[PDB]
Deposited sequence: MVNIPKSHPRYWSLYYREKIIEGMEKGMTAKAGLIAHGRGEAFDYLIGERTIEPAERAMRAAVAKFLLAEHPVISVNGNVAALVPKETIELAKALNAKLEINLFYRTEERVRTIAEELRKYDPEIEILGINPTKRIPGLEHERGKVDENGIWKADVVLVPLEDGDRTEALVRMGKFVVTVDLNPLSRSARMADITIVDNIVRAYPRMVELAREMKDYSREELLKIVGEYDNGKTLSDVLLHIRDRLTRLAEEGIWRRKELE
């Protein structure tokens, strides 16, 4: 139960000691944990719904890109790579609190899982019209669909104003990033990525019309509302049944 929360908590700490994860990242991880408590630390129906749309969107994309930050590098290095391949997307390292050493360390971390994998962002020349804020001209710069997980709200908003269709993974359904993205997956990235990889496989042979069917029916606003409603119902349920001295929830 709490085993994994402790497991990933140590992974996050390891990432900082290795030079990949920022201190702000440890703070961020903690905030995510609070919200993971609200949704019961699992994938809820509204999240699976959002992931179906996300995968469909990527499979329909012309220049898809998956972004990687210090937290992603520490939590799902292999899965982020598998997702990129499953979605035929490019991987770009893009840090909010960027330093070249963090970028190099992250790239090295990813290489350990796939020495031949192509990694963008090591030398970003273009800049998102929003000091920092540089992106690879062959990656996010040209991308039509971008996946930017555990992202700072402002950054998420910038990319959108930039004409990009933004997909994010964020446990905080009330965050600016969650509200601003086009498709918001409110689930722990450690759970969301392996589910998306599997969804991608299952949808591999879908025609364009059935992929468009899934995307067209998706409403991000309605989905975020369902997330909050799920949380409110669960809270009401817990309050009414009581949680004092309760072993597990």
message: What are the C-alpha gaps when you align the coordinates back onto the deposited sequence?
response: 1-8, 139-141, 261
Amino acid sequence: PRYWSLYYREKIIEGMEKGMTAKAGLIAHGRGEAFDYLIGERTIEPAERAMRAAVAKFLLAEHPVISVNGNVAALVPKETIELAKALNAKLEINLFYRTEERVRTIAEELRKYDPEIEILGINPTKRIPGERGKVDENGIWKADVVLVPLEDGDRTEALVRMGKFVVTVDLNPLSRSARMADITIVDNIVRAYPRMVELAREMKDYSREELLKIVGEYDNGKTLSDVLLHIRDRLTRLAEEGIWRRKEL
From here on, numbers count along this sequence of modelled residues.
message: If you take the mean CA temperature factor per stretch, which one wins between 90-98 and 132-140?
response: 132-140
- request: Taking the mean of the C-alpha B-factors per stretch from the entry, tell me the winner out of 223-231 and 12-20.
  value: 12-20
message: So if I compare the CA B-factors in the entry for 121, 77, 173, 149, which one is the largest?
response: 121
- prompt: In terms of the CA temperature factor given in the entry, to which third of its chain does residue 63 belong: lowest, middle or highest?
  reply: highest
- prompt: By the record's CA B-factor, is residue 217 among the lowest, middle or highest third of residues in the chain?
  reply: highest
statement: Tertile call for residue 3 (CA temperature factor, within chain, third-based) is the highest
